[PDB]
Structures are given as structure tokens and as C-alpha cells.
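K.L.:
Numbering (mature numbering (1 follows the signal peptide of the UniProt record, and there is no 0)), first residue to last: 16 to 408.
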């Protein structure tokens, strides 16, 4: 009798899968643990890892946190010791890489992803003289320069609308495409020596000066309400955000949204998670086996149909369950095929160092101050550099 605990957050969609696994493996008993919030899941992770007690046998980890635990990889099972090297080709290469240490240890098996497209307001595009067919819209945005140029064209015709919701979310989209952002591959902080980072900053700041930003902080009440207005015409759009947009825009948004099979710069990803196995586990082989099964293509397809999470396993993209998916709210867009393409065109080569999230926070706070008119661009950039140096310690 192998007893395994798995700690998840939000809705991984695994409830039926646990029943299936126990039916196939009658010696294994699975118990799921759910913290009340994602922040408390993280805090439990941090607290239990440091105390040496209390961790689940499988701990879920969102990709935006995993940088902190790559630096603590000694405390996690290297899944290569349990067959990861044979499984590697199951996943998109960039999904595997984000859970791989500098020295090659693999500490997580990838669950879902958030491959990004550009969603857009076809009613606002029409009124601005832009194309509205998603195949034509896709040709407008091969790179960020073209994206902002189209935004200025839009803005010149539409004084009461902005191009995108906030400078910060545009920053997130662009920064994560750079080959390096804050760190060298040896975890050396170089944010103040990276001219491409400043060029990214300059280009977004110039967009805000051109009126392209609605200045709405993501997930704020003002941002939520703005979906029922003409406040902004485009968003960088992971697959999972479509449902958020449709909920927030509601009946006001019916007939007004579409999604284009494009992402400026090639591809982008926002979100997705991993299953990890702490060395605290007394059943690392059974834990790794269950984690591998939960993230196998057949199971990622089941999760996709249950809760809509987009698979990170390339075999799932050969399934008609995925590729036939259409989104009626978004003008019947073929989102299954679109987001397969968007996932296949993600390239991640940026190393995330031990304090990547803390450093990024000072840059996005500074950019938000510029966006909101509270600080000039040059003063905010100098302040971000000062604070990032401290954050990097």
C-alpha cells in the first residue's frame, strides 16, 4: 500500500484521473491537498521545503515560480533518475527546458501551457479602417515594431480607444522573448548591462507617449469593468485568457472579439505548471511514476476536455479533440488549430536566475508609474535599476 499525496492549486482537472490511476494500480492510494489560495500553496511550499517536513509527494509548481526552486534543485528529485530522459520528447522542448537546471537536472514534468496569440476587437478594427479577417490581421503583427505602428495607425483614427490594456502586460510579452533579460547563464545579474532590455523599455514607453495604453492594471476592478467599454482594442492572449475576456466583456462583447494566429516576435507563452517530487517524499519512484502518467498525452487530453487547459505534450496536437476546437464567442475562431500553431512557435532561450521574479517586480512597478503618469521615463528607469540591484542582492 503506497500512499501518495499530491498538492495542487486552482483546478488541475485531475479528480477523475486519480480514480483511473487507482483502478489501474490497486496498491496506490492518492490523496489530493488543496491550499485555499495560490499564495498559500506557495507559502506552504516555501515553509515545508525549509522545515524538511509536510510536503506532498507531488508538489505542483507554476512556471513563474520555478526559477526559485531550480536554485534549490538539491531538494527535488531529478526525474532523470526515474526515466525523464526517455520521456523528454513527449513535451515541447521549451516546456522541458523551463524545469531543467543549468547542470541538466529535470525537476518538473510539464502540465498545461498558455501559448499566446493576439486577440482583437473586430468592431473597433472595422471602424478604424483596419482589416478584420483574422488571416489578414495576422499579417499586421509579425514583430513588435509593426504591432506598435498598427497601434499608432489605429489611434490616429480612434481618439477614444487605446491599442492595448497596459504597458506592463506588453512588457511581460516582450521581455520574456529576449534571449537574456536579467541574468547570464551563470546566474550573474546583468540587468543594468543589457541594452536590449532598455530598448524594450524605450519602445513601450514611446507607445504610452503615443496614447497606445489604456493604463489599466491587470486584474484590477477598473481593468475588469473596461471590458464593457471601447477602452482597448488588442491583448496579448494566452489560450486560457479567452474565457476571462468573454466573462468580463459578457453580452457587450458578443460579436466584437476575434483572435489572430500570430504573435509579434514569433511566439510567446504565459503560464502553465509542472509536477515536482521533493526529496522529502518517501516514495519517489511511485511519485515520479504518477506524475509522469498525469502529464502523459492521453491524460492531458482528458484535462483539456474537462477544464480546457492547453496541453504541453506534442502528441496531443494530433488529436481531433484538440484541433477541432472552435470558440463561438470569438467569432467561431478555430482556437484548437490556432493555439497548436502558437505553442509550436514559442522559443524560450532566456535563463531565469534566483531572484528573477523579485527583479521583474521592480521593473514592472516602474513601468506602471510611467504608464500612469506618476514618474518620468528616465527617473523610473533609474529607480528600477537601483531597486533591481538590491533585489538581485
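The beta-carbon is built from N, C-alpha and C at its ideal position, and this holds for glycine as well.
Taking residue 27 as the reference, give the member of 126, 239, 377 with the closest Cα.
P.N.:
Working through the chain shown from its first residue, we reach residue 27 at position 12. The residue with the shortest Cα to Cα distance from residue 27 is 126.
K.L.:
Quick one: Cα of residue 34 to Cα of residue 117, how far?
P.N.:
Counting from one through the chain shown, the residue named residue 34 turns up at place 19. Counting from one through the chain shown, the residue named residue 117 turns up at place 102. Each residue's alpha carbon lies about 36 Å from the other.
K.L.:
For residue 118, which three-state DSSP category applies?
P.N.:
As a working mapping, residue 118 is identified with position 103 in the chain shown. Residue state, collapsed to three classes: coil.
K.L.:
Give the C-beta separation of residue 181 and residue 232 to the nearest angstrom, bearing in mind that I take them to be a contact with Cβ-Cβ under 8 Å.
P.N.:
Translated into positions along the chain shown, residue 181 becomes position 166. Translated into positions along the chain shown, residue 232 becomes position 217. With a Cβ gap of about 6 Å, residue 181 and residue 232 count as contacting.
K.L.:
What are the partner residues of residue 244, as DSSP defines its beta bridges?
P.N.:
Walking along the chain shown from the start, residue 244 turns up at place 229. For residue 244, which the question treats as bridged, DSSP gives no partner whatsoever.
K.L.:
Measure the C-alpha to C-alpha separation of residue 225 and residue 353 and round it to an integer number of angstroms.
P.N.:
In the chain shown, residue 225 corresponds to position 210, counting from 1. In the chain shown, residue 353 corresponds to position 338, counting from 1. Spanning the two alpha carbons is a distance of roughly 31 Å.
K.L.:
Do the stretch 215-225 and the stretch 381-395 meet, that is, are 3 or more Cβ pairs less than 8 Å apart?
P.N.:
In short, these stretches touch, since the Cβ pair count reaches three.
K.L.:
Between the Cα of residue 305 and those of 56, 94, 65, spot the shortest distance and give me the residue it belongs to.
P.N.:
In the chain shown, the residue the question calls residue 305 occupies position 290. Out of 56, 94, 65, 94 has the C-alpha closest to the C-alpha of residue 305.
K.L.:
Taking all protein chains shown into account, decide if residue 185 is buried (16 or more other Cβ within 10 angstroms of its Cβ) or exposed.
P.N.:
In the chain shown, the residue the question calls residue 185 occupies position 170. Classification of residue 185: buried, given that the 10 Å Cβ count is 16 or more.
K.L.:
Could you name the residues of the same chain whose beta carbon sits closer than 6 Å to that of residue 77, not counting the 5 residues immediately before and after it, in chain order?
P.N.:
Along the chain shown, one-based indexing puts residue 77 at 62. So the list reads 288, once near-sequence residues are dropped.
K.L.:
Taking just the CA atoms, how far does residue 309 sit from residue 373?
P.N.:
For the purposes of this step, residue 373 is taken as residue 358 along the chain shown, with counting starting at 1. For the purposes of this step, residue 309 is taken as residue 294 along the chain shown, with counting starting at 1. Rounded to the nearest angstrom, the two C-alpha atoms are 31 Å apart.
K.L.:
In whole angstroms, give me the CA-to-CA distance for residue 246 and residue 62.
P.N.:
On the chain shown, position 231 is the one that residue 246 refers to. On the chain shown, position 47 is the one that residue 62 refers to. The straight-line gap from Cα to Cα measures roughly 42 Å.
K.L.:
With a floor of 4 residues, list each alpha helix (DSSP H) that falls wholly inside the stretch 18-54, ordered by position along the chain.
P.N.:
Within the stretch 18-54, the complete alpha helix (DSSP H) runs of at least 4 residues are 30-39.
K.L.:
Using only the alpha-carbon positions, how far apart do residue 258 and residue 316 sit?
P.N.:
As a working mapping, residue 258 is identified with position 243 in the chain shown. As a working mapping, residue 316 is identified with position 301 in the chain shown. Going by the C-alpha atoms only, they are around 19 Å apart.
K.L.:
Starting from residue 167, trace the alpha helix (DSSP H) both ways and give me its first and last residue.
P.N.:
Residue 167 sits at position 152 when you count from the first residue of the chain shown. Residues 159-172.
K.L.:
Within a Cβ cutoff of 6 Å, which residues of the same chain sit near residue 271, ignoring the five residues on either side of it in sequence?
P.N.:
Locating residue 271 in the chain shown gives position 256, where the first residue counts as 1. These residues qualify, in order along the chain: 136, 138.
K.L.:
Could you say which of 265, 217, 371 lies nearest to residue 239 if we only look at CA atoms?
P.N.:
Locating residue 239 in the chain shown gives position 224, counting from the first residue. That would be 265, whose Cα lies nearest to the Cα of residue 239.
K.L.:
Indicate whether residue 286 and residue 129 have their beta-carbon atoms separated by less than 8 Å.
P.N.:
One-based indexing of the chain shown puts residue 286 at position 271. One-based indexing of the chain shown puts residue 129 at position 114. The answer is yes: Cβ separation under 8 Å.
K.L.:
Would you kindly check if the distance between the Cβ of residue 216 and the Cβ of residue 396 is under 8 Å?
P.N.:
The residue given as residue 396 occupies position 381 in the chain shown. The residue given as residue 216 occupies position 201 in the chain shown. Cβ atoms of residue 396 and residue 216: closer than 8 Å.
K.L.:
Ordered along the chain, which non-local residues of its own chain (more than five positions away) have a Cβ less than 7 Å from that of residue 40?
P.N.:
In the chain shown, counting from the first residue as 1, residue 40 sits at position 25. So the list is empty, once near-sequence residues are dropped.
K.L.:
So, is the C-beta of residue 182 closer than 8 Å to a C-beta in chain B?
P.N.:
Absent from the structure: chain B. Only one protein chain is present.
K.L.:
Can you grab the Cα-Cα spacing for the pair residue 197 / residue 367, in whole Å?
P.N.:
Your numbering for residue 197 matches position 182 in the chain shown. Your numbering for residue 367 matches position 352 in the chain shown. Roughly 7 Å separates the two Cα atoms.
K.L.:
Am I right that residue 19 and residue 72 are in contact with their C-beta atoms under 8 Å? What's the rounded C-beta distance?
P.N.:
Here residue 19 is taken as the residue at index 4 of the chain shown, counted from 1. Here residue 72 is taken as the residue at index 57 of the chain shown, counted from 1. That belief holds up - the Cβ atoms of residue 19 and residue 72 are roughly 5 Å apart, short of 8 Å.
K.L.:
So, at 8 Å on beta carbons, what are the nonlocal neighbours of residue 311 in its own chain, with the 5 sequence-adjacent residues on each side left out?
P.N.:
Here residue 311 refers to the residue found at position 296 when the chain shown is read from its first residue. If we look at residue 311 and ignore the five residues flanking it on each side, its Cβ neighbours are 105, 328.
K.L.:
According to the neighbour-count rule (16 or more other Cβ atoms, all chains shown, within 10 Å of its Cβ), is residue 293 buried or exposed?
P.N.:
On the chain shown, position 278 is the one that residue 293 refers to. Per the 10 Å Cβ criterion, buried.
K.L.:
By a C-beta neighbour count over all protein chains shown, 10 Å radius and 16 as the cutoff for buried, is residue 111 buried or exposed?
P.N.:
Mapped onto the chain shown, residue 111 falls at position 96. Flag for residue 111 reads buried.
K.L.:
To the nearest whole angstrom, what separates the beta carbons of residue 349 and residue 341, a pair I think is in contact under 8 Å?
P.N.:
The sequence position of residue 349 within the chain shown is 334, counting from 1. The sequence position of residue 341 within the chain shown is 326, counting from 1. Confirmed, about 6 Å.
K.L.:
For residue 297, does the three-state DSSP call read helix, strand or coil?
P.N.:
In the chain shown, the residue the question calls residue 297 occupies position 282. It is coil, neither helix nor strand.
K.L.:
Determine whether the beta carbon atoms of residue 369 and residue 82 lie at a separation below 8 Å.
P.N.:
As a working mapping, residue 369 is identified with position 354 in the chain shown. As a working mapping, residue 82 is identified with position 67 in the chain shown. A contact, by the Cβ cut-off of 8 Å.
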